[PDB]
Amino acid sequence: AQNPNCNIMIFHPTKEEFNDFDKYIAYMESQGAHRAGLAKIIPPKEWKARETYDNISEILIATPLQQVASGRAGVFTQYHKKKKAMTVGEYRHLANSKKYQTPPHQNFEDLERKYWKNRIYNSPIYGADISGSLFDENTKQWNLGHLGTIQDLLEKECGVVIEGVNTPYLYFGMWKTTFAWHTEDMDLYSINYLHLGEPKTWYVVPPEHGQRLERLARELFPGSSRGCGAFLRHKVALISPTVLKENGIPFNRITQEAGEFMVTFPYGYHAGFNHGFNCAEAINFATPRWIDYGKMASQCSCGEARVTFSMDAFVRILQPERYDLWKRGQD
Ligand SMILES: O=C(O)CNC(=O)C(=O)O
Ligand SMILES: [Mg+2]
Ligand code: NI
Ligand SMILES: [Zn+2]
């Protein structure tokens with residue numbers, strides 16, 4: 001078995017190997033990349049996502065989210081307080097202000113230490129989940145606005161045509177903005193490109209060990225666990241690397257820099273934080289190997305997780321027994 005320790009793998013495709021997206025994902029899996037839950041892909045030196053980022057300031061962040069923490073430094077939840085709309089140029093100025101800017105630091109490890117020590121004492125503002133794309137239409141390779149859709153993959157594998165569309169989302173971050181422990185909707189893959197700015201640090205649990213993370217989470221967030229049998233779908237819980245190590249949970253970490261892609265694999269729990277002002281683009285995708293994960297994905301039916309239009313067909317076709325209860329939670 002390839003990659004039996006479930007290490008995060010880093011790939012350097014040539015421009016020739018960068019032509020066929022599906023083929024390269026399948027290659028990475030042939031080398032065991034999925035066992036980690038996360039891989040990094042450094043694009044060939046000839047590739048670019050677009051010519052410049054000089055003209056993005058007028059994008060609107062209609063609902064910036066202030067991420068308010070509760071708990072202890074290594075075990076906390078966050079809630080999202082909606083703020084008034086602002087442009088990307090306004091948000092960048094705010095990220096660089098004395099109140100919100102990255103502190104002085106020696107290196108990524110020192111900054112990681114400072115994040116886990118001090119995150120809970122601040123409430124950074126995240127421009128998350130904005131429908132749109134920064135890939136130039138003329139970028140032919142790994143253009144996250146031109147990937148094959150999940151509905152087309154399901155139809156190709158299973159023969160059933162379904163409603164729904166599959167589009168990318170932009171994330172404008174600042175120091176200490178945080179993504180909570182989660183897997184993707186329906187345990188899909190995700191791909192994330194860091195277009196510009198400061199880094200993003202990721203933590204990930206191998207898919208074969210995801211249930212160990214879930215059992216710890218139920219212990220650490222006992223009221224939330226009684227409320228819902230899949231409360232990690234709410235995307236609000238944080239657990240530090242130190243707490244994971246104390247509880248013997250297998251995980252890995254890596255820092256993504258501007259110009260690099262990350263892929264998360266089905267049922268790969270992940271969490272992380274931004275180092276300073278940045279912009280990422282991400283989308284979900286599927287492969288033939290996903291179908292079995294989609295059929296077994298947990299679901300929130302308490303009402304909290306509330307998701308997209310396109311998830312309805314996935315539940316309805318892959319999980320018909322769960323459909324009625326899940327839909328009640330959606331409505
Ligand atoms: O970048 C973020 O805030 C969160 N991204 C992801 O969870 C992802 O790309 O799957
Ligand atoms: Mg603009
Ligand atoms: Ni994700
Ligand atoms: Zn729930």
Side-chain angles (χ1 to χ4, degrees), residues 36-41 61 64-65 67 77-78 80 115 124-130 134 144 147 150 166 168-205 207 210 213-214 217-218 221 223-238 254-258 260-286 290 297-305 307-308 311 322 325-327 329-330:
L38 182 67
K40 177 179 292 193
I41 310 93
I61 310 169
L65 308 172
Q67 303 189 292
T77 59
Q78 59 187 13
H80 295 169
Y115 174 87
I125 294 170
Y126 204 175
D129 292 323
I130 296 164
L134 293 172
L144 298 187
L147 295 183
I150 301 156
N166 173 206
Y169 297 88
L170 300 179
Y171 301 77
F172 288 95
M174 67 170 63
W175 169 233
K176 282 171 175 170
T177 53
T178 301
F179 53 109
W181 281 108
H182 70 283
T183 63
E184 306 301 308
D185 291 344
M186 219 71 188
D187 298 343
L188 285 158
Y189 294 73
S190 65
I191 181 165
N192 182 301
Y193 183 66
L194 190 54
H195 279 284
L196 64 94
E198 303 316 306
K200 187 188 294 285
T201 291
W202 300 67
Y203 307 88
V204 60
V205 175
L213 183 69
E214 295 173 350
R218 290 192 301 273
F221 304 97
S224 294
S225 180
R226 290 185 285 274
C228 179
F231 76 93
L232 296 174
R233 293 286 170 207
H234 309 169
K235 308 196 302 191
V236 301
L238 278 301
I254 194 169
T255 300
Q256 176 192 21
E257 297 187 81
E260 303 180 337
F261 291 90
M262 307 297 296
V263 165
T264 82
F265 295 86
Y267 196 61
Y269 274 102
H270 53 286
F273 65 88
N274 295 303
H275 294 207
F277 172 71
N278 67 16
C279 175
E281 181 171 342
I283 195 176
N284 297 117
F285 71 93
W290 166 70
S298 71
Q299 303 296 358
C300 168
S301 315
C302 75
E304 281 298 307
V307 307
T308 185
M311 227 188 92
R322 288 181 171 174
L325 180 73
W326 173 80
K327 196 165 37 68
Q330 241 27 44

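As the structure lists them, so they are numbered: ligands from 1, and atoms in each ligand from 1. Counting from 1, the numbers follow the sequence of the chain as shown. The figures that follow rest on heavy atoms only: side chains count, while hydrogens, waters and symmetry mates do not.
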>> For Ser301, is there any backbone N or O sitting under 3.5 Å from a side-chain donor or acceptor partner on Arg322?
In response: no
> Of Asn274, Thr178, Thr201, which is the lone residue that meets side chain to side chain donor-acceptor pair (under 3.5 Å) with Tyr115?
Replying inline: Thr178
>> Would you compute the distance between atom OH of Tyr203 and atom CG of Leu38 and round it to the nearest 0.5 angstrom?
In response: 12.5 Å
>> With carbon and hydrogen excluded and only N/O/S kept, which atom of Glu184 is nearest the Ni ion (ligand 3)?
In response: OE2
> Should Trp202 be listed as contacting ligand 1, given a heavy-atom distance under 4.0 Å as the test?
Replying inline: yes
>> Please name the atom of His270, limited to N, O or S, that comes nearest to the Ni ion (ligand 3).
In response: NE2
>> Give the atom numbers and elements of ligand 1 that come within less than 4.0 Å of a heavy atom of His182.
In response: 7 (O)
> What protein heavy atom sits nearest atom 2 (C) of ligand 1, and how far off is it?
Replying inline: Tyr126 OH, 3.4 Å
> From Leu134 CG over to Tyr193 OH, what is the distance, rounded to the nearest 0.5 angstrom?
Replying inline: 10.5 Å
>> Is the contact between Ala280 and ligand 1 made by the side chain, the backbone, both, or neither, using heavy atoms and a 4.0 Å cut-off?
In response: neither
> Measuring from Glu260:CD to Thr255:OG1, what's the distance to the nearest 0.5 Å?
Replying inline: 9.5 Å
> Is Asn166 reaching over with its side chain to a backbone N or O of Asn284, donor-acceptor style, under 3.5 angstrom?
Replying inline: yes
>> Working to the nearest 0.5 angstrom, can you tell me the gap between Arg233 CZ and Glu184 CD?
In response: 9.0 Å
> For ligand 1, which atoms have a heavy atom of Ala282 less than 4.0 angstrom away?
Replying inline: 9 (O)
> Between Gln256 and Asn192, is there a donor-acceptor pair closer than 3.5 Å when you use the side chain of the first and the backbone of the second?
Replying inline: yes
> When you look at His275 and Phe277, which way does the ring-ring contact (aromatic ring centres under 6.0 Å, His included) test go after all the steps?
Replying inline: CA-CA 7 Å; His275 294 207; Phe277 172 71; over 10 Å; no
> To the nearest 10°, what's the angle at the Zn ion (ligand 4) between atoms SG (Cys302) and SG (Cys228)?
Replying inline: 120°
> What residue and atom, counting heavy atoms only, is the protein's closest point to atom 1 (O) of ligand 1, and at what distance?
Replying inline: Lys200 NZ, 2.9 Å
>> Quick check against the 3.5 Å criterion: does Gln299 have a side-chain atom that pairs as donor or acceptor with the backbone of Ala230?
In response: no
> Looking at ligand 1, does any of its N/O atoms fall within less than 3.5 Å of an N/O of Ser190?
Replying inline: yes
> To the nearest 0.1 Å, how far is atom 6 (C) of ligand 1 from its closest protein heavy atom, and which atom is that?
Replying inline: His270 NE2, 3.9 Å
>> Counting non-hydrogen protein atoms only, what is the nearest one to atom 5 (N) of ligand 1? Give residue, atom name and distance.
In response: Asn192 ND2, 3.7 Å
>> Within ligand 1, which atoms have a heavy atom of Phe179 less than 4.0 Å away?
In response: 2 (C), 3 (O), 4 (C)
>> Suppose we only allow N, O or S atoms; which atom of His182 ends up nearest to the Ni ion (ligand 3)?
In response: NE2
>> For the 3.5 Å polar cut-off, considering only N or O atoms, please tell me whether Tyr171 and ligand 1 meet it.
In response: no
